[PDB]
Structures are given as C-alpha cells and as structure tokens.
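Participant: Quick one: the structure is below, questions incoming.
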Amino acid sequence: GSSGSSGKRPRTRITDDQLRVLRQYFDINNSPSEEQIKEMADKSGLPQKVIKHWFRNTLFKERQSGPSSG
C-alpha cells in the first residue's frame with residue numbers, strides 16, 4: 001500500500017451497539033447532560049470522558065459549513 005494503517009485512537013473502541021446509544025440521544029438533545037452522560041456511561045459501559053468527547057468530535061463536524069457547487 002502507501003503507509004499501512006491509520007492508528008490514532010487508543011486501544012479502546014466503540015461498537016455499533018454502544019454508538020447507537022450515543023446517536024439516539026443526539027436527536028433528543030444535541031449534547032448529553034451531566035445526568036445523561038452518567039446514565040449512558042453505564043448503559044453502554046463507556047466513561048464520561050469518552051462519551052462527552054464523542055459528542056463533540058461528532059457534533060463539531062455537523063456544525064461545519066461548506067459551500068455548494070453543482
């Protein structure tokens with residue numbers, strides 16, 4: 001190939017069964033509340049740092065504003 005494989009994120013990794021839990025809430029409320037971040041952290045098993053960040057890294061993206069051509 002060219003390099004081999006992209007490796008930035010830590011060993012940990014979120015699954016479709018866990019992400020879905022973070023996505024579903026996305027609709028209801030952009031970002032989870034100190035209360036939701038906890039209730040979820042247990043529902044899925046992810047920490048409060050992973051969930052919070054995810055919402056950001058993801059949300060921030062949606063906030064992006066690109067021009068239209070075509």
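Order determines the names: the first chain of the structure tokens is A, the second B, and so forth; residues in each chain are numbered 1 upward, and ligands are numbered 1 upward as they are shown.
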Quick one: residues within 10 Å of region 45-55 of chain A, only C-alpha atoms, excluding same-chain residues fewer than 3 positions away - as JSON, numbers by chain?
Facilitator: {"A": [12, 13, 14, 18, 19, 22, 23, 25, 26, 30, 31, 32, 33, 34, 36, 37, 38, 39, 40, 41, 42, 58, 59, 60, 61]}
Participant: Could you turn the residues from that selection into a file that holds C-alpha atoms, as a PDB file, in the first residue's frame?
Facilitator:
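Generated file (result05.pdb):
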```pdb
ATOM      1  CA  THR A  12     -10.341   1.271  23.335  1.00  0.00           C
ATOM      2  CA  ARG A  13     -13.024   1.293  20.642  1.00  0.00           C
ATOM      3  CA  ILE A  14     -16.767   1.948  20.471  1.00  0.00           C
ATOM      4  CA  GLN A  18     -22.643   1.452  22.020  1.00  0.00           C
ATOM      5  CA  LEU A  19     -22.637   4.205  19.396  1.00  0.00           C
ATOM      6  CA  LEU A  22     -24.981   7.939  21.794  1.00  0.00           C
ATOM      7  CA  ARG A  23     -26.686   8.662  18.472  1.00  0.00           C
ATOM      8  CA  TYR A  25     -29.714  10.748  22.350  1.00  0.00           C
ATOM      9  CA  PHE A  26     -28.142  13.069  19.779  1.00  0.00           C
ATOM     10  CA  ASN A  30     -27.509  17.877  20.928  1.00  0.00           C
ATOM     11  CA  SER A  31     -25.235  17.142  23.888  1.00  0.00           C
ATOM     12  CA  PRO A  32     -25.964  14.937  26.931  1.00  0.00           C
ATOM     13  CA  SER A  33     -26.400  16.442  30.396  1.00  0.00           C
ATOM     14  CA  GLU A  34     -24.273  15.642  33.446  1.00  0.00           C
ATOM     15  CA  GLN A  36     -27.439  11.699  30.865  1.00  0.00           C
ATOM     16  CA  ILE A  37     -23.678  11.302  30.465  1.00  0.00           C
ATOM     17  CA  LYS A  38     -23.788   9.183  33.621  1.00  0.00           C
ATOM     18  CA  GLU A  39     -26.928   7.160  32.905  1.00  0.00           C
ATOM     19  CA  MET A  40     -25.447   6.337  29.499  1.00  0.00           C
ATOM     20  CA  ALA A  41     -21.874   5.729  30.650  1.00  0.00           C
ATOM     21  CA  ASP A  42     -23.395   2.730  32.426  1.00  0.00           C
ATOM     22  CA  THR A  58     -19.103  14.377  16.116  1.00  0.00           C
ATOM     23  CA  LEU A  59     -21.224  17.459  16.802  1.00  0.00           C
ATOM     24  CA  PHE A  60     -18.456  19.884  15.843  1.00  0.00           C
ATOM     25  CA  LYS A  61     -18.398  18.126  12.470  1.00  0.00           C
TER      26      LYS A  61
END
```
Participant: Looking only at alpha helix (DSSP H) from DSSP on the backbone, list the matching residues of chain A as a PyMOL selection string.
Facilitator: chain A and resi 16-28+36-44+48-63
Participant: Store the residues picked out above, limited to N, CA, C and O atoms, as a compact mmCIF listing (two decimals), in the first residue's frame.
Facilitator:
```
# COMPACT_ATOMS: atom_id res chain seq x y z
N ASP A 16 -21.03 -0.66 17.44
CA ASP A 16 -22.31 -0.20 16.91
C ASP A 16 -23.39 -0.25 17.98
O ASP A 16 -24.33 0.55 17.97
N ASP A 17 -23.26 -1.19 18.91
CA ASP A 17 -24.22 -1.35 19.99
C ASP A 17 -24.09 -0.21 21.00
O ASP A 17 -25.06 0.14 21.68
N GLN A 18 -22.90 0.36 21.09
CA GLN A 18 -22.64 1.45 22.02
C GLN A 18 -22.92 2.80 21.36
O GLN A 18 -23.55 3.67 21.96
N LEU A 19 -22.44 2.96 20.13
CA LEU A 19 -22.64 4.21 19.40
C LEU A 19 -24.12 4.54 19.28
O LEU A 19 -24.53 5.67 19.54
N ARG A 20 -24.91 3.55 18.88
CA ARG A 20 -26.35 3.74 18.73
C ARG A 20 -26.94 4.46 19.94
O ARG A 20 -27.81 5.32 19.80
N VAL A 21 -26.45 4.11 21.13
CA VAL A 21 -26.93 4.72 22.36
C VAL A 21 -26.57 6.20 22.41
O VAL A 21 -27.31 7.01 22.97
N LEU A 22 -25.43 6.55 21.82
CA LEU A 22 -24.98 7.94 21.79
C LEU A 22 -25.68 8.72 20.69
O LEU A 22 -25.92 9.92 20.82
N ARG A 23 -26.01 8.03 19.60
CA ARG A 23 -26.69 8.66 18.47
C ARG A 23 -28.14 8.97 18.81
O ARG A 23 -28.60 10.10 18.64
N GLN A 24 -28.86 7.96 19.29
CA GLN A 24 -30.26 8.12 19.66
C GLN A 24 -30.47 9.39 20.48
O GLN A 24 -31.37 10.17 20.20
N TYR A 25 -29.62 9.58 21.49
CA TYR A 25 -29.71 10.75 22.35
C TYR A 25 -29.42 12.03 21.57
O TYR A 25 -29.99 13.08 21.84
N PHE A 26 -28.52 11.92 20.60
CA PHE A 26 -28.14 13.07 19.78
C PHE A 26 -29.38 13.82 19.30
O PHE A 26 -29.47 15.04 19.43
N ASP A 27 -30.33 13.08 18.73
CA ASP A 27 -31.56 13.68 18.23
C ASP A 27 -32.30 14.42 19.33
O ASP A 27 -32.55 15.62 19.23
N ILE A 28 -32.63 13.70 20.40
CA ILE A 28 -33.34 14.29 21.53
C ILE A 28 -32.68 15.60 21.97
O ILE A 28 -33.32 16.65 22.01
N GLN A 36 -27.36 12.66 31.96
CA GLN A 36 -27.44 11.70 30.87
C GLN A 36 -26.09 11.03 30.64
O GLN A 36 -26.02 9.81 30.44
N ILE A 37 -25.03 11.82 30.67
CA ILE A 37 -23.68 11.30 30.47
C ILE A 37 -23.38 10.16 31.43
O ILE A 37 -22.62 9.24 31.11
N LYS A 38 -23.98 10.21 32.61
CA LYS A 38 -23.79 9.18 33.62
C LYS A 38 -24.68 7.98 33.35
O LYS A 38 -24.20 6.84 33.29
N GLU A 39 -25.97 8.23 33.17
CA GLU A 39 -26.93 7.16 32.91
C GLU A 39 -26.50 6.34 31.70
O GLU A 39 -26.70 5.12 31.65
N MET A 40 -25.91 7.01 30.71
CA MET A 40 -25.45 6.34 29.50
C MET A 40 -24.13 5.61 29.75
O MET A 40 -23.98 4.44 29.39
N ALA A 41 -23.18 6.31 30.35
CA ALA A 41 -21.87 5.73 30.65
C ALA A 41 -22.01 4.31 31.20
O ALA A 41 -21.12 3.48 31.03
N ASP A 42 -23.14 4.05 31.85
CA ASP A 42 -23.39 2.73 32.43
C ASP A 42 -24.18 1.86 31.45
O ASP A 42 -23.91 0.66 31.31
N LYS A 43 -25.15 2.46 30.77
CA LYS A 43 -25.97 1.74 29.81
C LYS A 43 -25.11 1.09 28.74
O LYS A 43 -25.38 -0.04 28.32
N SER A 44 -24.08 1.80 28.30
CA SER A 44 -23.18 1.28 27.28
C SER A 44 -21.91 0.71 27.90
O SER A 44 -21.41 -0.34 27.48
N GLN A 48 -17.22 8.86 31.14
CA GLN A 48 -17.82 10.17 30.92
C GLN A 48 -16.94 11.02 30.00
O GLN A 48 -17.41 12.00 29.41
N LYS A 49 -15.68 10.65 29.88
CA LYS A 49 -14.74 11.37 29.03
C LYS A 49 -14.88 10.94 27.58
O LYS A 49 -14.78 11.77 26.67
N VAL A 50 -15.10 9.65 27.36
CA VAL A 50 -15.25 9.12 26.02
C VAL A 50 -16.56 9.59 25.38
O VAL A 50 -16.57 10.04 24.23
N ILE A 51 -17.65 9.49 26.13
CA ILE A 51 -18.95 9.91 25.64
C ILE A 51 -18.96 11.40 25.31
O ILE A 51 -19.27 11.80 24.19
N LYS A 52 -18.61 12.22 26.29
CA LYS A 52 -18.58 13.67 26.11
C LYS A 52 -17.79 14.04 24.85
O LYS A 52 -18.29 14.74 23.98
N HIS A 53 -16.55 13.56 24.78
CA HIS A 53 -15.69 13.83 23.63
C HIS A 53 -16.38 13.44 22.33
O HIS A 53 -16.48 14.24 21.40
N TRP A 54 -16.86 12.20 22.27
CA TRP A 54 -17.54 11.70 21.08
C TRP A 54 -18.58 12.70 20.59
O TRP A 54 -18.61 13.05 19.41
N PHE A 55 -19.43 13.16 21.50
CA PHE A 55 -20.47 14.12 21.15
C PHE A 55 -19.87 15.37 20.52
O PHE A 55 -20.46 15.96 19.61
N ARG A 56 -18.70 15.76 20.99
CA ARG A 56 -18.02 16.94 20.47
C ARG A 56 -17.42 16.66 19.10
O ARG A 56 -17.81 17.28 18.10
N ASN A 57 -16.48 15.72 19.04
CA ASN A 57 -15.83 15.36 17.79
C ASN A 57 -16.86 15.14 16.69
O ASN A 57 -16.60 15.41 15.51
N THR A 58 -18.03 14.64 17.07
CA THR A 58 -19.10 14.38 16.12
C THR A 58 -19.92 15.64 15.85
O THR A 58 -20.10 16.04 14.70
N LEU A 59 -20.42 16.25 16.92
CA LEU A 59 -21.22 17.46 16.80
C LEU A 59 -20.47 18.53 16.02
O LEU A 59 -20.97 19.05 15.02
N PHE A 60 -19.28 18.87 16.49
CA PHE A 60 -18.46 19.88 15.84
C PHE A 60 -18.46 19.70 14.33
O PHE A 60 -18.52 20.67 13.57
N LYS A 61 -18.40 18.44 13.89
CA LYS A 61 -18.40 18.13 12.47
C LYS A 61 -19.68 18.62 11.80
O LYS A 61 -19.62 19.33 10.79
N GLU A 62 -20.82 18.25 12.37
CA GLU A 62 -22.11 18.66 11.83
C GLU A 62 -22.21 20.18 11.75
O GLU A 62 -22.88 20.73 10.87
N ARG A 63 -21.53 20.86 12.66
CA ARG A 63 -21.54 22.32 12.70
C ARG A 63 -20.83 22.90 11.48
O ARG A 63 -21.09 24.04 11.08
```
